[PDB]
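Asks: Shown below is the structure under consideration.
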Amino acid sequence: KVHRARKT
Amino acid sequence: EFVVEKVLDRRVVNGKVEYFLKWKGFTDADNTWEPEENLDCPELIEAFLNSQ
(Lines give C-alpha, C1' and ligand atoms only; values in the text may rest on other atoms or scores of the structure.)
Protein backbone atom coordinates (compact mmCIF):
# COMPACT_ATOMS: atom_id res chain seq x y z
CA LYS A 1 0.00 0.00 0.00
CA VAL A 2 0.76 3.72 0.02
CA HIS A 3 2.43 4.78 3.25
CA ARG A 4 2.59 8.14 4.86
CA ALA A 5 4.73 9.40 7.78
CA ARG A 6 5.04 12.53 9.90
CA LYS A 7 7.79 14.82 8.49
CA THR A 8 9.85 16.80 11.04
CA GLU B 1 2.04 13.52 7.01
CA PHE B 2 3.41 13.02 3.53
CA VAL B 3 3.64 9.98 1.30
CA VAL B 4 6.91 8.03 1.62
CA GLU B 5 8.40 6.98 -1.65
CA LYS B 6 11.26 4.88 -0.27
CA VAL B 7 13.28 4.06 2.85
CA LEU B 8 17.00 4.62 2.15
CA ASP B 9 18.79 3.95 5.40
CA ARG B 10 18.50 3.18 9.16
CA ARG B 11 20.51 4.39 12.13
CA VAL B 12 20.29 4.20 15.95
CA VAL B 13 20.71 7.40 17.90
CA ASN B 14 21.14 6.74 21.67
CA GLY B 15 18.75 3.71 21.64
CA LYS B 16 16.37 5.56 19.24
CA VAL B 17 15.81 3.98 15.75
CA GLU B 18 15.45 6.48 12.89
CA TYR B 19 15.06 6.03 9.09
CA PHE B 20 16.22 8.12 6.07
CA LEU B 21 13.16 8.70 3.85
CA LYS B 22 12.59 9.87 0.30
CA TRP B 23 9.21 11.65 0.19
CA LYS B 24 7.07 11.09 -2.91
CA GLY B 25 7.11 14.00 -5.37
CA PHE B 26 10.01 15.77 -3.54
CA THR B 27 13.69 15.54 -4.62
CA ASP B 28 16.55 13.98 -2.63
CA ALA B 29 17.39 17.42 -1.17
CA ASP B 30 14.23 17.01 0.87
CA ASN B 31 15.16 13.54 2.33
CA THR B 32 14.89 13.47 6.13
CA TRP B 33 15.76 11.19 9.03
CA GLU B 34 12.58 10.34 10.97
CA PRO B 35 12.12 8.57 14.32
CA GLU B 36 10.41 5.21 13.94
CA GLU B 37 7.23 6.36 15.64
CA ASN B 38 6.70 8.81 12.78
CA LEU B 39 6.14 5.86 10.41
CA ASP B 40 2.86 3.85 10.15
CA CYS B 41 4.67 0.56 9.81
CA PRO B 42 8.37 0.60 10.85
CA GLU B 43 7.96 -3.21 11.50
CA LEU B 44 8.10 -3.77 7.77
CA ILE B 45 11.63 -2.32 7.64
CA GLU B 46 12.70 -4.24 10.75
CA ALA B 47 11.18 -7.48 9.44
CA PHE B 48 12.88 -6.95 6.05
CA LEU B 49 16.32 -6.40 7.68
CA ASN B 50 16.07 -8.99 10.48
CA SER B 51 15.35 -11.75 7.97
CA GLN B 52 18.92 -11.49 6.61
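In the C-alpha coordinates, chains take the letters A, B, ... in the order shown, each chain's residues start at 1, and ligands count up from 1 in the order shown.
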Compute the set of chain B residues within 8 Å of chain A, using only C-alpha atoms, and express it as an MDAnalysis selection string.
Replies: chainID B and resid 1:4 32 34 38:40
Asks: Please report the interatomic distance between CA of residue 31 in chain B and CA of residue 50 in chain B in Å with one decimal.
Replies: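 Atom-to-atom, CA of residue 31 in chain B to CA of residue 50 in chain B, that is 24.0 Å.
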Asks: So which bits of chain B end up helix (DSSP H, G or I) when you DSSP the backbone, as a list in words?
Replies: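 Of chain B, only residues 28, 29, 30, 36, 37, 38, 42, 43, 44, 45, 46, 47, 48, 49 and 50 of chain B fall in helix (DSSP H, G or I).
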Asks: Just the residues within 10 Å of residue 8 in chain B, please, counting only C-alpha atoms, with nothing from its chain fewer than 2 positions along; format it as a tab-separated table (two decimals) with N, CA and C atoms, in the first residue's frame.
Replies:
chain	number	residue	atom	x	y	z
B	5	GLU	N	8.19	7.72	-0.45
B	5	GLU	CA	8.40	6.98	-1.65
B	5	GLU	C	9.25	5.75	-1.39
B	6	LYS	N	10.31	5.92	-0.59
B	6	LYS	CA	11.26	4.88	-0.27
B	6	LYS	C	12.00	5.16	1.03
B	10	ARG	N	18.94	3.31	7.74
B	10	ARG	CA	18.50	3.18	9.16
B	10	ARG	C	19.69	3.48	10.03
B	19	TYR	N	14.88	6.46	10.51
B	19	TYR	CA	15.06	6.03	9.09
B	19	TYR	C	15.16	7.24	8.17
B	20	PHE	N	15.97	7.10	7.12
B	20	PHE	CA	16.22	8.12	6.07
B	20	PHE	C	15.21	7.87	4.95
B	21	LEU	N	14.26	8.78	4.82
B	21	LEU	CA	13.16	8.70	3.85
B	21	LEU	C	13.29	9.59	2.62
B	22	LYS	N	13.02	9.04	1.43
B	22	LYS	CA	12.59	9.87	0.30
B	22	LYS	C	11.07	10.05	0.33
B	31	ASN	N	15.13	14.75	1.51
B	31	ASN	CA	15.16	13.54	2.33
B	31	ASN	C	15.38	13.91	3.77
B	32	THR	N	14.75	13.18	4.71
B	32	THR	CA	14.89	13.47	6.13
B	32	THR	C	15.06	12.18	6.92
B	33	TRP	N	15.60	12.29	8.13
B	33	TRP	CA	15.76	11.19	9.03
B	33	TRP	C	14.57	11.36	9.90
Asks: Would you mind reading off the distance between CA of residue 29 in chain B and CA of residue 47 in chain B, one decimal, in Å?
Replies: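 Distance reported for this atom pair: 27.8 Å.
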Asks: By how many Å are CA of residue 12 in chain B and CA of residue 25 in chain B apart?
Replies: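 CA of residue 25 in chain B lies 26.9 Å from CA of residue 12 in chain B.
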